[PDB]
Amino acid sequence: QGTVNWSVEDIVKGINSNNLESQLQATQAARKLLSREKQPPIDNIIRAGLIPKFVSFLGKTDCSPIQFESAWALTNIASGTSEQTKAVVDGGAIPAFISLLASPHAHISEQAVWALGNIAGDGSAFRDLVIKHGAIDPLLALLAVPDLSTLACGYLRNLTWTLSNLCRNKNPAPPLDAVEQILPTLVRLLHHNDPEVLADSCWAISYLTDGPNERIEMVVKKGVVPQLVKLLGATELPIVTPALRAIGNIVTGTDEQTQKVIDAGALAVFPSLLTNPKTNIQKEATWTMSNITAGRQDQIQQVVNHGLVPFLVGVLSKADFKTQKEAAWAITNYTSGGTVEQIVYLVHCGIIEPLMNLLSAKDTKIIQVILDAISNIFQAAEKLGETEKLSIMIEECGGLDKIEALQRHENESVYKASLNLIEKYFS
């Protein structure tokens, strides 16, 4: 009735009055433009000079309503482009929002957490500035209760989201000492039964395990892999997605880190992941399988044992093309590091036909990966005195018509590997 749909000039007139109630009503008016318009005029607000007036309102402890309205307006400006977030930061907002974390009003401390999450969420430099101003200690103090379930749901969701933005981004990664302060609380949110807190917790763990193997070790050492694998089997796709990403990041690390996810039973979920209706899940699960078949021979054997090779044959036969490209990598790694027996098993599962169908792809990376696999399969045929059998299989399915052509190919790596498979086998 009163503060609905003012113009910016009226907002300025109100904020500039020497009347705290008039400042209050024009702030609430600004907040409603910024929360109720799709396409809010963030830029006009900034150009009017209002950010530093809102930042000074954060400090009016005497008037908790204008604290809230300005905290809400600043949250929404900081949710915009990086130039918009920067205007909020340049206005002095970080330390003001950090003091508001101590507020006795929950709705105000919650809004301060939400604003700091938008600021941290902009990128590495603002993430690291928030840490430097000391946000971590009072953020974690807000979770220092015996049972998390006594906290309001939206409140705990906002905190988890902000903590996860403090773990996010990678040129550079968050300081080690920040990560070590945050990890124990993150392990605890990972056992909290609310799907949105579990989702954002797994995203946090996924950001922290992307990077060098030393970062992975610090997560894996906290003992979280079995809880991650349990979230991997959830029915909520927004949980399964970052749980899979975090697991996938872990198998890019050392053979010992890889074995922790095998030991926790991750491979039993892969039948469902590899046939998942959501193509992004299939893509990532196949990426993750490709890093497992880059493992040791005894890790290759566990993929075999769990019945997964037929699934990789299936995904190479019929998947979205980027999923097939990952299955191609999984095959090359398996054939480059597997025993001869493992490799015979692969051929017995029907690998040859779909491997050959992919040689008609117009993408040069995959063609090299596949020729690489052919040559590894042949080497194990060499070791067996069965190169005869193998060439017939390839000729019999259309392999030879395809490999011939790649002699006449506009890429050095391609025509060399193929004109050589011909010169050595076809013959």
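Start at 1 and count along the sequence shown; that's the residue number.
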property	result
Mean Cα B-factor comparison, 109-117 or 229-237, giving the higher one as deposited	229-237
45-53 versus 397-405 - greater average Cα B-factor per the deposited record	397-405
Out of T286, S124, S336, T160, residue topping the C-alpha B-factor column of the entry	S336
CA B-factor ranking of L33, expressed as a third of its chain	middle
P95 - Cα temperature factor, lowest/middle/highest third of chain	lowest
Relative C-alpha B-factor of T150, binned into the chain's lowest, middle or highest third	highest
Lowest, middle or highest third - CA B-factor, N171	highest
Third of the chain, ranked by Cα B-factor, where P212 sits	highest
